[PDB]
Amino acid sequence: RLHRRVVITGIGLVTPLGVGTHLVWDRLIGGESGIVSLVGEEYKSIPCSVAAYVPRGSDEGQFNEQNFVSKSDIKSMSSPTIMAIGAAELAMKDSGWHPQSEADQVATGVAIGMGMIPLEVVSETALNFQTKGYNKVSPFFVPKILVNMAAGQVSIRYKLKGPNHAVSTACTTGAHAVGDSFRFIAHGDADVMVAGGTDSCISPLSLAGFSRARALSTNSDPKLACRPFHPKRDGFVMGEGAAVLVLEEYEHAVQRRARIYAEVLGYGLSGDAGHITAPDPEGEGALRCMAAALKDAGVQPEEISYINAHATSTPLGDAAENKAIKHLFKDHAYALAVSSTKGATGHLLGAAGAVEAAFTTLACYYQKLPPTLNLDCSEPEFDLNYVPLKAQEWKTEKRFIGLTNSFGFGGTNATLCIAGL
């Protein structure tokens, strides 16, 4: 029929590295990390002792709830929702898109997911209902556990009357939010989509849950705990944050004189169908969804020059992704660069895929590759360029085209193909 092009015109970041597009990128390229030690009596008795938190306060690059939401709102809604509203405000300001006309409002949709509901609000409400009874239960209880409350709030505040699409896919939420938004715009359903992910579920109970599943690094030292592709990797580090991207049809962006970061070319999805937690040891699943994204984009493996890997510092996970890259890209695997930013931000769960879409986008825009931190050495199976320790300039003899991967529990895989103009 037709195919319209889709570009990214706004980025909003609330991360363990801080808040704001320029600032977060500068820290990322500079080799900074937000991974810190857990402190508190409620976290004793848990094997894990590190996490990555959004820095809060009033200095520049700190998250201040009050700059984004009113005092009434702060009590009414969850921490993830507030971060998503924050990231969205920043993203739309970065985009310069303020729909006033009805036609512009119906052209603009939202796709902001949440990976997981915060277990603490459930437990506190539950105990309050047992102790004190029905009449003491907050009416905001159910709103605070619904995944699409973020999208709802953004939609109301910015008058976004186009496609509304919350999704919750645990660790792939952010990727699906961006990919689906791309598809909606490409198909003609909207001209603009505000897309991303949020997660803030660092709590004794959730860390307990992940620790018990053998998922988390037990290393006590925040400087070393998260080490993608490294020999001593022993589990991921839980992080929190939100990232929002404004996607937009190409001609719409150009005509309104927007600053364009990059173009979204493709989206792919696959299932492992091996096992629940275990990734496909050969990376069959990862290979298929990367290939699906390349087919969607009409691009050959040899044109890819960077990959933001999902690698979360797990033994089997990092090895699977690495295998898939080598099988898909063949000889050209040695010509490309691969980096995981999880050493810097930790694993942002639902937001992981949206933040890494942002980073892949900025990589294209600045032709600069963020480091994989803590990668002081490497085993023979890991013999590619993982951009160890320091940033590298991205140099290629044609267009700058990257992939960003997101793999989730249950063997759901997603890949986005992002390119410089």
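Just count from 1 along the sequence shown to find any residue number. Between two forms, the rigid core is defined as the largest C-alpha subset superposing within 1.5 Å.
Q: Looking at C-alpha RMS in 4 other deposited structures of this protein with the core superposed, is it 344-352 or 131-139 that drifts more?
A: Stretch with the larger root mean square C-alpha distance in 4 other deposited structures of this protein: 131-139.
Q: With the rigid core held as the alignment frame, decide whether 208-216 or 321-329 lies farther from the shown form in 4 other deposited structures of this protein, in terms of RMS C-alpha distance.
A: Taking the RMS over all superposed structures in 4 other deposited structures of this protein, 208-216 lies farther out.
Q: Going by the mean C-alpha B-factor recorded in the entry, which is higher: 349-357 or 54-62?
A: Stretch with the greater average CA B-factor: 54-62.
Q: Going by the B-factors listed in the PDB entry, is the mean over the C-alpha atoms higher for 83-91 or for 161-169?
A: Per the PDB record, 161-169.
Q: From the list 36, 29, 69, 387, select the residue with the highest C-alpha B factor recorded in the entry.
A: Highest C-alpha B-factor among the listed residues goes to 69.
Q: From 178, 119, 216, 265, pick the one with the largest CA B-factor in the entry?
A: When the deposited C-alpha B-factors of 178, 119, 216, 265 are compared, 119 is largest.
Q: What third of its chain's C-alpha B-factors does residue 249 belong to: lowest, middle or highest?
A: It belongs to the lowest third of the chain when residues are ordered by C-alpha B-factor.
Q: Classify residue 412 as lowest, middle or highest third according to the C-alpha B-factor given in the PDB entry, relative to its own chain.
A: As the PDB entry reports it, the C-alpha B-factor of residue 412 lands in the highest third of its chain.
Q: Based on the deposited C-alpha B factors for this chain, I'd like to know if residue 362 is in the lowest, middle or highest third.
A: Lowest third.
Q: Just say lowest, middle or highest third for the CA B-factor of residue 255 relative to the other modelled residues in its chain.
A: Ranked within chain, residue 255 CA B lands in the lowest tercile.
Q: In terms of the chain's CA B-factor thirds, is residue 327 lowest, middle or highest?
A: Within its chain, residue 327 is a lowest-third residue by C-alpha B-factor, going by the deposited values.
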